[PDB]
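Coordinate analysis (summary)
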Amino acid sequence: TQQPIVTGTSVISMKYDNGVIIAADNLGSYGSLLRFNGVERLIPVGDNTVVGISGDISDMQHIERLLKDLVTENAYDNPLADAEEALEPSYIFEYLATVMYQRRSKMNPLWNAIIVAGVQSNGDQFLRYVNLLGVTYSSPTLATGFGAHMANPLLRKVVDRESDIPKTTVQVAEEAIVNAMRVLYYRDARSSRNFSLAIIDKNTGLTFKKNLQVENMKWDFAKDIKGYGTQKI
Amino acid sequence: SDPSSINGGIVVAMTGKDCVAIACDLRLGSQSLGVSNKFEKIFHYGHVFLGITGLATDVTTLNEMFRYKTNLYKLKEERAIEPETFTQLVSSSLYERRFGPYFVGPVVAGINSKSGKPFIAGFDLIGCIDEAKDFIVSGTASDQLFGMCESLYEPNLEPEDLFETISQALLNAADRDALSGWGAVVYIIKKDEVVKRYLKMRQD
Amino acid sequence: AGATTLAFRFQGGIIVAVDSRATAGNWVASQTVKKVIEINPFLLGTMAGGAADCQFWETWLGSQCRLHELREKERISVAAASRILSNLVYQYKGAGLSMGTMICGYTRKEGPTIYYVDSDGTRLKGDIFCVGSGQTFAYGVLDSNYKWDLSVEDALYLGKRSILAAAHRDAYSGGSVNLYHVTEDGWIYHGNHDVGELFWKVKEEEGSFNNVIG
Amino acid sequence: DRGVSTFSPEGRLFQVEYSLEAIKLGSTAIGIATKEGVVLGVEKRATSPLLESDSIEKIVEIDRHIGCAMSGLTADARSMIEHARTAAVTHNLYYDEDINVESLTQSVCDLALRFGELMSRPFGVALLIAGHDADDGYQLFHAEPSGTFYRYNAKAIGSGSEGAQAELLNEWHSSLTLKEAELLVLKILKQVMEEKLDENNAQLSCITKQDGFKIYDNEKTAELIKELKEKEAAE
Amino acid sequence: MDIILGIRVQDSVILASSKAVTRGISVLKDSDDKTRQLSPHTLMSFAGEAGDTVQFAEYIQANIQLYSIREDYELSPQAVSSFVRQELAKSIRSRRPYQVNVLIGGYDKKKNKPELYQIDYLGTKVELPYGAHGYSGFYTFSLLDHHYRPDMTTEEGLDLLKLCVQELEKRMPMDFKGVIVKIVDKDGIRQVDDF
Amino acid sequence: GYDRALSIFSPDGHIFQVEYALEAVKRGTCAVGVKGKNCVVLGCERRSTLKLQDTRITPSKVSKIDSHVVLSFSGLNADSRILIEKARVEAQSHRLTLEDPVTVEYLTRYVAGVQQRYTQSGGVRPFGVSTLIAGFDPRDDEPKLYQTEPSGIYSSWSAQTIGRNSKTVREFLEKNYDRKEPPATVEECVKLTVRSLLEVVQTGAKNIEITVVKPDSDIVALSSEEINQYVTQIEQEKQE
Amino acid sequence: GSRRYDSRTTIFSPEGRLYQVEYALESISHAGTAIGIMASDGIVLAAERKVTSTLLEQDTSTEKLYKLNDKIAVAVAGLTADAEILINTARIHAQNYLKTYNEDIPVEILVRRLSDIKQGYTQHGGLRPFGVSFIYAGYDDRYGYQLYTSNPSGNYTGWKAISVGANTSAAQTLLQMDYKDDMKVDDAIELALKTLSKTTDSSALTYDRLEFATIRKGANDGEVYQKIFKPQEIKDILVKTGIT
Amino acid sequence: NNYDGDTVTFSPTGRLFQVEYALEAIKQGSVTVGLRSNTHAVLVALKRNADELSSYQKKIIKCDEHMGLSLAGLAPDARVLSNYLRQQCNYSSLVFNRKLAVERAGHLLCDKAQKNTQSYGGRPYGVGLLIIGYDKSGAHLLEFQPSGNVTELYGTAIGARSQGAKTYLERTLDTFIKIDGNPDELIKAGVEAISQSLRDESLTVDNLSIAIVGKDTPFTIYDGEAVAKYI
Amino acid sequence: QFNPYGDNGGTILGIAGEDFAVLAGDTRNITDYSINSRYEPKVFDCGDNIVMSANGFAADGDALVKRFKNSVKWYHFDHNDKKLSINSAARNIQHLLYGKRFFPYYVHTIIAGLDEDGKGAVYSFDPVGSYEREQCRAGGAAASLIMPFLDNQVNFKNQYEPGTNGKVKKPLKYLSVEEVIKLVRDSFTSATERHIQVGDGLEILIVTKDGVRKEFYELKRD
Ligand SMILES: [Mg+2]
Ligand SMILES: [Mg+2]
Ligand SMILES: [Mg+2]
């Protein structure tokens, strides 16, 4: 039995024609206090997988260590560790999902919601979610926390079903993700303006973007808003 | 559901001139219901006397336990255990069960066979020793006994006088307690003789 | 949970009768549940309380009874079989098992025997037992009409009529009636009887249930 | 001395090989498999005439569809039978079905090599496991203390095994009836036994799909012995 | 509720135990014998939590019977009562205690005296001329305190016992379906079939 | 824990520790079991090199396992106490779990199983004991007599003997005991048992113990004078 | 591995004997003789100390005779250190019984349990047996006065009079000669001392080389008293019987 | 001589005799052959019988859909090691949703056998194994020895008279390696290879045992009338 | 305090025919008022012509299915590739569920296939392992909506023969695979209208002697 202390908010993601995109802000909240501002919640594994984690940050750092140790262990007595027998997104996901379900079954969970985004060896897009309960699901768009309530509706307007994935380009998909992160900054009280974004493409590989900011915001109309009903001044 | 006040009972001990006295009521009940008027709460291992109040199953169990331990002590030491040593044994044994204690209020009384010095001691349920020159009280009428003893007691009483003082302390304390009474016993302990007297008291 | 199960000793052996309804609150999950567990060809058990607990452990009981007769080259007594089960659930006491069953059998040394076995460790030998949410309704019909010298035909009807009484009044009992006759040579199944059809049939033929329009 | 799980220079486990010598000293047991059933027969071999021969239990039921005959240090077989019975019943509990004869034999053979420095020594007893299932039909297995088991059409174990096995080589064919197999076990038992064969010092049994595993009465076996003697004198 | 009574007279011990077994709003049985013979001259009646009662009684029975075989000798009622008390004293501090109250009626063959011991689930032992468990003593002790004489015969003890049952049947809220009465004396244990 | 495999196979296929345990049984005092038509009798030898003995308190050779079953033995006395204790516990454990006392066959099978377990368990030696187990099954009047030995094999016997000079007394029983017609009465069965011990014992004074078991838990041990009467009767008939 | 160095203490010889038990008995045969004699009104325990030195403190010494409880005592023959291990176990067992049943332990039950412990060391554990033989002298209300003996095999037997340790063959013959059933304690005291005086390997039997104890009902009315004799009390009883 | 009592003892020349005696048990065992191309891997095994009345001892065991082995020596030891492989293959699938590499399978068997050769009380495994499989890096053939030594090969053979088949495969190396997309021809080469280890006896219908795994072929075993094609 | 259970919604449906059996389930996965996936399958082919679904808490449901699939695999290893009969699978699943009697899999399990006589079989389990063979069984969120409809249309309950004064019941008969799928599709479209946790898609697994076939149908996405 735990309670989360230092926490990370939404992780959002989607599939496009040649790969997947995933994003998450760089904040570590301490309740209502926006305590830590240089927190990376996207963690690459190899050159074909990115694990996006929300929830308890101490448990996130533990998972970072497990994934880093997983890469080491896979390289042992493995001449094809950088080729055919390299770590796949599906391998990394199933490992975490096994751990998360085992921990919930011992009543000592890792207080996280995780999204594993990547591209398989055959070019297929991989996008799957797992949380502190060991619950798993996949979808063309996936999001955690507030992202589930606000981002998914925007991302599902682009990719509403499986057949919409080949029709969606990386430019359009990135635009939707960046737009969603702005909406979360408007409406999520435990979000930050600064965020990281990662693209895993089957052709151009892994592109990891740090120190992004929400921009092109609309605040001007606020000056015209006066009082809460009757007040004219 | 308070283990120390289910069965009821009291024990009091006193020092006199070259003597000690220890007394107890004879009641054993199940809350409001009186069950036995022959439940003696004072035991002796050689010349050392032990009174025990509180939960009756633990009273019985501890007597059997200290009989066990004092018999083995005697076999190995080739001599009977003294009150000061026994007091430490009681304390050790009770503290061994610090987080699952016997619900008891024991009282040691006796005279050291070597020095001839009168000795009494009291304990809490986890073995804290309460040594005293004057008197020790225990049980569901301990408040009442404290009041009687503190006013009635005086130092260096002769055995025959000490008997009257301890008997009156016990009787009048027991009559202001619902869960105590139904008979009483007083041990008068001298260096090499011990007299045991049953008191006449009200049976309500 | 919701159920009506009975078992009684008589001249011709044992009658076992049960209802068939399973409910999750007000929702009727099933009308075709089996509340008689066929432990082996000679032994029967009733299901009341936890369905899984009764199924699992009375099936397990049959495995233990088979091992007994393999080692001793003799049929297991009803006393010993009931005891294996009651001793087992007693180990689990406090953990939350829910069981109220009648272990029924007919042997040479004992004759027809019934043991009420229960999840809090109780093990009672008796002539008549009724268990479940509708047990009171079934007891009334049983007590007033029961005799030791009942015929097999009349005894089967009494058990069937007693379940019907409960199925009618108890909301959590009904569906259908399953009958069994236990003899020294083994138990005999006496069919599934839909309460819907059975009620109207009994009403007409017996003259009972005048309060009900039909 | 020397280790219990030691290999010889020839590549065999000393203790396993020595246990095989104990089995050769044991009383004879024969099994024959047919399309109508499997027959199991044993030599009781009472050490003294005062010993009540009916208490000699060298043929044993494992389940309704599996039987067992033993030879060697027969006391060692008790825990093997107990395990077999538990394995058979446990599988029925888990899978609501009869267990395959081969799977039962494999379970018993897993105990065999669980010894060392687990139990202190190998078993000093060989088993003939006979049974029937829906998939492979009527089967006979020979389970050794080496952990190895062979399926057999016919098999003899014990003191007169090599002589009896040579006789089974000539006599066995794929069209044997159950009655023919019964007589054949009695015939070969009478040949290798020290004392004269009768219903008291020899025991028959069989396993059929219809009636399951059955140990024959002394009355039933006595008639088959009488039937056997008449047929040999008839030519 | 479960009623168990005990009376020690001049030459015997009499135990009376209720026949009813109730579960919920139904009397499942009205002929239940709430006792076990521990040895030829020692009888134990019991009452308390369902299941625990019989499981405990039979466990004690087995242990005393084992002792009898081992030593070819019958344990005294005092010795049996002390053993029983210790088992309950262990039990009360266990993970799940036996919630069982018992009376032990026995005839000591060496002393030629009847003995009645009352032991509750905590392991609280007392030797008494008459005893009870539960609410039973709340009704009967006033009658026993009055009419009980130490020199009574077995027949006088049964009449005194009848007086108690009558008072219980009058004032107790539940129907306990009468009592099974058993006598323990020099000749052993026997049951009174008509009560 | 001490793990050593003490009981192991030899090249010729023998387990010497089990066979040497039999030699301990051969050294032990003679014990004989004879079952009649409605009873079983257990006879036992007591060596007479021990005078100044207290026969009141000295452990008896025949032991009650339950009220209806008895166990005698030959071999190491200390070893027998362990088997007897285990048997007595199992007897009560059976009554507790199955509502019925043990059969003589079941009790024998248990004791024999314990003996077998000690022949292939690490760190233990076999029991240097063979037992004769006798009695009557619950609600049954057919006499039962079983024998066990260190290896763990057991079997039923019409009559049997174990211990020192047992081959002599077995020879006697083999010609004197008729299967078609066993000892019809208690007296006949006891006499045949005493006769068989008189082939080996020495004197019929305080050397022979006799215990008679009858149906429905009816077991009694004979006193010196009672046994001496059989000895006096047999010797007078012998001089012929 | 360690198999090489194992003596295998719990195995049979080809003749069916337990090597270590037999060799332990051989050790006990060199120990100082201990005699127990049971009378109708009490029991005597007499034991010879092993070659005493003049500077040995005699009065505050205990080698042979030990108290188990108020009603039971033992005479030791063999390794004293081994005996004390067993004695403390026996003392504890007696108290466990008293705690459980509120009655003093019957003599045989104590003897059986102590003998069962010895048996265990001969059948399992791979340890050497206890090189000790006991003579148990005790009283209970069932059988009255009782004498037992146990040895390293774990086998125990009851006796009217018995010796353990050295010269038991000679000692048992002398006891068998002069013992009779209607004997008194005072007579048994004399027999015990006379037997030791003749079987001793020493030149002359003296007070300083002996340990003595009685268990009488000589206390006031229906109760047993244990008397472990003092040096001066042994000196007096030795003169009174005319040995010195 | 004095240094072969247990596995924990080295000889003066640095040998482990108990391990060598375990190796000897394999030489007594019946012959089995392993070979592979780029697309498929094949096991061929000569089964042995007790007599004409007995069955033929099964030599080949399946470990997963993509992996399995053949045995030579103590069959129960093969059952233990094959069971361990089944669990390891299975652990890889449940935890990592990943088919176990044939190379890792060998590494795991090596380490399991090794522990039995360095500790007192235990004994070495008395069986040799030929593991075949098809994973992400194509077809594979491994040879396991109970010393712990595991070796990846194009082809090999173990058991009695295995030198004959091993010589043949050494000659035929260039031919059979290129049998791609043709199962029956690769088997034929394996059946012809094992035939070089035969003396007096020939390959019959209930004597021969074949197994195959490949690109679009799960690990499957052929016995009885199913191997009559290759005689 | 940490709650180890959740509700992923969804509803499933198993119907048994004469020589076939179907196991249907919606493809929507939810938590509270959010949709996690519009297509997350929860009816699986487990081998040996057995299809299985464990509806309720998805994490427990996936674990159970995964353990049963593994049980099928080891049944082949240990028993010479013997085919696991539907009745044997059912008994095995009871032991899987009851093994966690005191920390249950919070799922309603249904399996479907053919029995050993080739006839359609459906088995349903409670969370702790009690099971029963049935012709018809709905499980999950909208079971209460679907089940009484099946009683009426499959088992013909409350339907009497016209003109017979309600004395002669409408006769039971086996339905075709086509008629069963019609009832399944109408069951789910009706449940989709009235239950918020039901919708998005419908995936049906049909089992015959030939094998396991799949059919997919869209449902309303609101
Ligand atoms: Mg008062
Ligand atoms: Mg009052
Ligand atoms: Mg909506």
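Cut-offs applied
- Residues numbered from 1 in each chain as written, not as in the entry; some residues may be left out.
- Chains lettered and ligands numbered in written order.
- Part of a larger assembly, values for the part shown.
- Heavy atoms only, no water.
- Patch = residues over 30% accessible without salt bridge, like charges linked within 9 Å, V, L, I, M, F, W, Y side chains within 5 Å.
- Areas by Shrake-Rupley, 256 points an atom, 1.4 Å probe, with all protein chains shown as cover.
- Salt bridge = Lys/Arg side-chain N within 4 Å of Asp/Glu carboxyl O.
- Helix = DSSP H or I, 4+ residues; strand = E, 2+ residues; numbered from the N terminus.
- Buried < 20%, exposed > 50% of the residue type's maximum accessible area, 1.4 Å probe, protein only.
- Contact = heavy atoms within 4.5 Å.
- Buried area = accessible area lost by both parts, 1.4 Å probe.
- Polar contact = N/O pair within 3.5 Å; in protein donor to acceptor, adjacent residues only side chain to side chain.
- Nonpolar A, V, L, I, M, F, W, Y, C, P; charged D, E, K, R; others polar.
- Pairing = 2+ DSSP bridges.
- Axes fitted to C-alpha atoms, helices over the stretch in contact; angles between N-to-C directions.
- Core = buried A, V, L, I, M, F, W, Y, C linked by side-chain atoms within 4.5 Å.
- Disulfide = S-S within 2.5 Å.

The deposited coordinates for this entry were obtained by X-ray crystallography, with a reported resolution of 2.60 Å.

Re a nonpolar patch on the surface
Residues and elements named next belong to chain E. Residues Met-1, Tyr-135, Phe-138 and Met-174 make up a contiguous nonpolar surface patch of about 420 Å² in total accessible area. Looking at the element boundaries, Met-1 is found in the segment before β1 (4-8). Its relative accessible area of 39% is what places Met-1 among the partly exposed residues.

Some thoughts on the interface of chain E and chain B
Opposite the 12 residues of chain E that make contact, chain B presents 17 residues. The junction of chain E with chain B conceals about 1,100 Å² of combined surface from both sides, 57% of it contributed by carbon and sulfur atoms. Run the count over chain E and chain B and you get 2 salt bridges. For the salt bridge of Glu-64 of chain B with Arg-85 of chain E, the shortest nitrogen-to-oxygen distance reads 3.2 Å. Remark: the boundary between chain E and chain B carries 7 residue pairs in polar contact. Of all the elements in the fold, those that place two or more residues in the side of chain E that touches chain B are α2 (77-91), β9 (125-127) and α3 (136-147) of chain E. Here the side of chain E that touches chain B is built from residues that sort into 6 nonpolar, 3 polar and 3 charged.

Brief notes about the sheet that holds strand β11 (residues 184-190) of chain B
Residue and element names in this part refer to chain B. As summarised here, the arrangement of the 5 strands in space is β10-β1-β2-β11-β12, forming an open sheet in which the pairing is antiparallel. Single-partner strands in this sheet number two, and they are β10 (135-139) and β12 (194-199). Taken over all neighbouring pairs, the strand axes of this sheet differ in orientation by 10 degrees on average, direction set aside. Judged from the 6 bridges that link them, β11 and β12 form a sheet pairing that is antiparallel. Across the sheet, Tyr-187 pairs through a bridge with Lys-196, a residue of β12. Against the sheet, helix α3 (residues 142-152) makes contact with β1 (10-16) and β10, and its axis sits at roughly 160 degrees relative to β10, the strand it touches most. In the packing of helix α4 (residues 159-174) onto the sheet, the strands contacted are β1, β2 (19-25), β11 and β12, and the crossing angle to β1 comes to about 155 degrees.

Describing the nonpolar core
Counting 52 residues, the largest nonpolar core has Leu-62, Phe-66, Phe-86 and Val-108 of chain B together with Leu-5, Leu-161 and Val-181 of chain E as its most contacted members. Counting 48 residues, the second-largest nonpolar core is a separate cluster that includes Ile-22 of chain A together with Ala-54, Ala-89 and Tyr-105 of chain I.

A word on the sheet that holds strand β8 (residues 120-125) of chain I
Residue and element names in this part refer to chain I. Read across the sheet, 5 strands follow the order β5-β6-β7-β8-β9 without closing on themselves; strand pairing throughout is antiparallel. The open sheet has two edge strands with one neighbour each: β5 (44-45) and β9 (131-134). Relative to β8, strand β7 (residues 107-114) is paired through 6 bridges, and the arrangement is antiparallel. Opposite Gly-113, over in β8, you have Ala-121 as the bridge partner. The strands touched by helix α1 (residues 58-78) are β5, β6 (51-56) and β7; relative to β6, the strand with the most contacts, the crossing angle is about 155 degrees.

Points about the pairing of strand β5 (residues 36-40) of chain C
Taken residue by residue, a regular strand's side chains alternate between the two faces of the sheet. Residue and element names in this part refer to chain C. Of all 5 residues in β5, 4 are buried, a share of seventy percent or more. Alignment of β5 against strand β6 (residues 43-46), held across 4 bridges, turns out to be antiparallel. Note on β6: the bridge partner recorded for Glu-38 is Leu-44. The loop that links β5 with its antiparallel partner β6 comprises 2 residues.

What about the state of the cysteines?
Applying the stated rule across the entire model yields 0 disulfides over all chains. The closest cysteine sulfur to the non-disulfide-bonded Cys-104 of chain C is located on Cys-130 of chain C, 12 Å from its own sulfur. For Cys-104 of chain C, a relative accessible area of 1% translates into the label buried. The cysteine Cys-206 of chain D is free of any disulfide, with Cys-68 of chain D supplying the nearest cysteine sulfur at 15 Å.

Quick notes on the arrangement of the chains
Here the protein chains form 17 pairs of chains in contact, of which the pair with the most contacts is chains F and G. For the non-touching pair chain B and chain H, the nearest C-alpha separation works out to 43 Å.

Observations concerning the environment of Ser-39 of chain E
Residues and elements named next belong to chain E. Within the fold, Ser-39 resides in strand β5 (residues 35-39). Residue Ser-39 is classed as buried on the basis of its relative accessible area of 4%. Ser-39 sits 38 residues away from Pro-77 along the chain, and the two C-alpha atoms are 9.3 Å apart.

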